[PDB]
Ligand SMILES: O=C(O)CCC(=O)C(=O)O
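One chain follows as structure tokens, the form deposited without 2-oxoglutaric acid.
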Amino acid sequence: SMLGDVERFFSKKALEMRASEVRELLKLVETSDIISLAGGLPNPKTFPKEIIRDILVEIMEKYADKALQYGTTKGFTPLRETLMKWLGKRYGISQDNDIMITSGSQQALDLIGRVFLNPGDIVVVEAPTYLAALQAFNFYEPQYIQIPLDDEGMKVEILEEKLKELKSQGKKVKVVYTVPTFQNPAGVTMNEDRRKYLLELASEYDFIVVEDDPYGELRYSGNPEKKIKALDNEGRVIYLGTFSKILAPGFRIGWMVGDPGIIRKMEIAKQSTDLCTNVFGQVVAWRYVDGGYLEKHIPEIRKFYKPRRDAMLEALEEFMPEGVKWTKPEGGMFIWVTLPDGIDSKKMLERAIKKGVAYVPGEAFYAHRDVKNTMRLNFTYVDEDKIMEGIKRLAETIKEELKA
């Protein structure tokens, strides 16, 4: 830096921003010959490139001025209409809600923090939860309450206990943030009883639920869940979806659905952060949904990832030593492993990398960075042949770690 101590100019918030000793190490691991299970990326093989090509031609023929001009802050009206038709028919989400387009769901999470969170406001998250949601919220200085998951998603039981305990301190929760289907990073899904229980608590204790759902359509087995937002009779849920894993992440288009009063404030907050989400990509996504291509393409995404999930689940079972446990997702992109006898997976990553494999250590997914024996594995973005070999190398890493 040529200004010298450039820190003299930074805000208090900027001074407390870093990231991340491990994400930086992982950035370097990708461009080498380690088998990395660490990534969070969808597989380019699932991008519908031929449909995209046809849509780009159609846009330049019929929609070029709309695609190329500034848009409204709220979003391109035909996309907003086609998404609400889609969510209503596909999920039973109520047309009483309003919808705003976002520059990905990441932007929705930042807007949630800006619109709802004063410093010290309490946000409930799952333990683990999506690391970039914590990153978005952290700028707004909440206090977190962490609710563990099991193989049926958030333990809403423990949420009730913590709400009663906070009540007894004269406090309350403002927002419960959940990624209830095929969680990033856990891979588990909140069952129907718990979704319903979570909404009674939302009514009883008067909080807002944010339901973040990037992965619902990436279902490989089992039957579709009910969206929490489909059960939302009080208008208490803000539902977030994204085109990132069902089209391609490169357009940076997502949507936020919820109470019109909430959406209106979100639109005003968004105006100042980026004016509008890129309209060219909104017009692409509109044709994609309205033209029936999304509906036709989803089965092709599922056919692609299913065997990758299966290969990884087969390899873990065949190779992992006693006492290692993992989730068994019915969908999405991740499998979450729990190690025995107090192994620290952040410490173990050095050894795993030496043996040719990488994963994300679980610690960074916990608001209180308090659990150290967990790992997130990704099965979408490495060749299948490499899934088996990677899981074997991870298994042998764990065996060595368990000794002396």
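Heads up: residue numbers just count along the shown sequence, starting at 1.
The form deposited with 2-oxoglutaric acid bound exists for this protein as well; it is not shown, and the discussion that follows is about that form.
Put simply, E217 is close to 2-oxoglutaric acid in the bound PDB entry: some heavy atom of it is within 4.5 Å.
In the bound PDB entry, 2-oxoglutaric acid sits within 4.5 Å of a heavy atom belonging to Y239. Within 4.5 Å of some heavy atom of 2-oxoglutaric acid in the bound PDB entry lies at least one heavy atom of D213.
Proximity of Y91 to 2-oxoglutaric acid in the bound PDB entry falls within the 4.5 Å heavy atom cutoff. For the options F76, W255, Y288, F137, the residue carrying a heavy atom within 4.5 angstroms of 2-oxoglutaric acid in the bound PDB entry is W255. Only one of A315, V115, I263, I246 comes within 4.5 Å of 2-oxoglutaric acid in the bound PDB entry through a heavy atom, and that residue is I246. Stretch-level contact check against 2-oxoglutaric acid in the bound PDB entry with heavy atoms at 4.5 Å: of 303 to 311, 217 to 225, 280 to 288, 144 to 152, the positive one is 217 to 225.
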